[PDB]
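Student:
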């Protein structure tokens, strides 16, 4: 994978434990761009975030993270 | 030498492929059944987005 499989990214970050998925939600909100479609519902405690609109910089940083966190 | 009147532009066309985007709902670990830790309590009912109906238009 030279590029990021957006499917393995999505399904890879939501399968994680607290420390891992929290690290995910913090990276996406820290560098929140006008493209990425985030919706933090604090009631259910969830980040409904569209990774498809993440820049290459973010979806690579997140991929590297969640892939070494799962594999 | 002279380069001359070379290189014509190419007139292309659009392609509307927006596609259903792959969104994900990352579930954060809120106050559930877990080990000995105290959670949170609501401050008050603020009603910050309180709507209003009309003022002067008879």
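Protein chains in written order, with the UniProt record's numbering: chain E, 174 to 244; chain C, 1183 to 1240.
Cβ coordinates follow ideal geometry from the N, Cα and C atoms, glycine included.
Here's the rule I'm using: 16 or more other beta-carbon atoms within 10 Å means buried, otherwise exposed. How should residue 247/E be labelled?
Tutor: The shown model of chain E, from 174 to 244, leaves out residue 247/E, and the question about it has no answer.
Student: Between which residues of its own chain and residue 243/E is the CB-CB distance below 8 Å, once the five residues before and five after are set aside?
Tutor: Here residue 243/E refers to the residue found at position 70 when the first chain is read from its first residue. 185, 188 and 189, listed in sequence order.
Student: Pull up the CB-CB distance for residue 1185/C and residue 221/E, whole angstroms please, since I reckon it's below 8 Å.
Tutor: On the second chain, residue 1185/C is found 3 positions in, with the first residue counted as 1. On the first chain, residue 221/E is found 48 positions in, with the first residue counted as 1. No, residue 1185/C and residue 221/E are not in contact; Cβ-Cβ is about 56 Å, not under 8 Å.
Student: Cβ of residue 236/E within 8 Å of Cβ of residue 194/E?
Tutor: Position 63 of the first chain holds residue 236/E. Position 21 of the first chain holds residue 194/E. Their beta carbons are not under 8 Å apart, which means residue 236/E does not touch residue 194/E by this criterion.
Student: Does any CB atom of chain C fall closer than 8 Å to the CB of residue 243/E?
Tutor: In the first chain, counting from the first residue as 1, residue 243/E sits at position 70. Chain C contact via Cβ: absent.
Student: What residue range does the alpha helix (DSSP H) around residue 178/E cover?
Tutor: Numbered from its first residue, the first chain carries residue 178/E at position 5. Counting along the chain, residue 178/E falls outside any alpha helix (DSSP H), and DSSP gives it neither H nor E.
Student: At a Cβ threshold of 8 Å, is residue 1219/C touching chain A?
Tutor: The question asks about chain A, but that chain is absent: this structure's protein chains are E and C.
Student: I'd like the span of the alpha helix (DSSP H) that includes residue 1189/C, first residue to last.
Tutor: Counting from 1 along the second chain, the entry for residue 1189/C is found at position 7. Neither: residue 1189/C is in no alpha helix (DSSP H) and is coded neither H nor E.
Student: Are the region 212–221 of chain E and the region 1197–1215 of chain C in contact at 8 Å, needing three or more beta carbon pairs?
Tutor: Yes: at least three Cβ pairs fall under 8 Å.
Student: Output, in chain order, the set of chain C residues within a Cβ distance shorter than 7 Å of residue 195/E.
Tutor: In the first chain, the residue the question calls residue 195/E occupies position 22. Per Cβ cutoff of 7 Å: 1210.
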